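Let's start with one chain on its own, the form deposited in one PDB entry, as structure tokens.
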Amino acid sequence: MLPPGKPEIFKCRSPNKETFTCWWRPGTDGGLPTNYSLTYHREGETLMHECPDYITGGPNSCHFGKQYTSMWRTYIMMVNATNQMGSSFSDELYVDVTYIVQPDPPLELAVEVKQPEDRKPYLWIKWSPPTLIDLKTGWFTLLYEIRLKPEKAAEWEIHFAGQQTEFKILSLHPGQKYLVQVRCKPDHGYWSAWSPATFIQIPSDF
């Protein structure tokens, strides 16, 4: 017997400035929705559009593929929740892809001990960028950070790696085991999640 409560578009993110996805949550204290319709328009146009892809971002999401996504242009969007008894519209959300960039974590983190001659030995860390990020044209710029800690230490040590995909760490405690992670952010935007940990035993001979 109740129409839906007021839905809310609570997050949008772009992993690579080429596509983005937005997510909404149903309102509580209304009836159950049997449909949602997300519509929007863009700054400097009057045309109204509907969400082009309700499937790819999973539940309660709108995914905007490349032909629907551009930078430096505000999207003004709204989701309506409907059932047999009526309907409810979210507040309008003003979103610009330029400011919601958050990459996926880096890939293939690998770590190695290296012991050369008459030169300090080091821990050698390597990784790869997330896939589908266009770095080689300069469309996208990625920065990285590593953290590492042995078990039970109260603090992480953090090392800024700038744009490199490899890094050398010198001052490790001989015989200690380290958890190592890497994350990345655009030049302008949010940090990714930390990648899964890789583990490395630093040898006694150090």
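If you superpose the two forms and keep the largest set of C-alpha atoms that fall within 1.5 Å, you have the rigid core. Residue indices: 1-based, along the sequence shown.
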Mean CA B-factor: is it higher for 179 to 187 or for 194 to 202?
194 to 202
Could you settle it for me: does 163 to 171 or 138 to 146 have the higher average Cα B factor in the PDB entry?
163 to 171
What's the residue among 74, 98, 80, 84 with the greatest CA temperature factor in the PDB record?
84
Please say which third, lowest, middle or highest, residue 115 falls into when its CA temperature factor is compared across its chain.
highest
Of the three thirds of the chain ranked by Cα temperature factor, residue 11 occupies the middle
Considering every modelled residue of the chain and its Cα B-factor in the PDB entry, is residue 28 in the lowest, middle or highest third?
highest
Name the third of the chain's ranked CA B-factors that contains residue 105, choosing lowest, middle or highest.
lowest
Divide the modelled residues of the chain into thirds by Cα B-factor and specify which third, lowest, middle or highest, holds residue 39.
lowest
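Omitted here: the form deposited in another entry. The next part is about that form.
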Is residue 75 among the residues whose Cα moves by 2 Å or more between the shown form and the other one after superposition of the rigid core?
no
Threshold 2 Å Cα movement between the shown form and the other one at residue 48, rigid core reference
yes
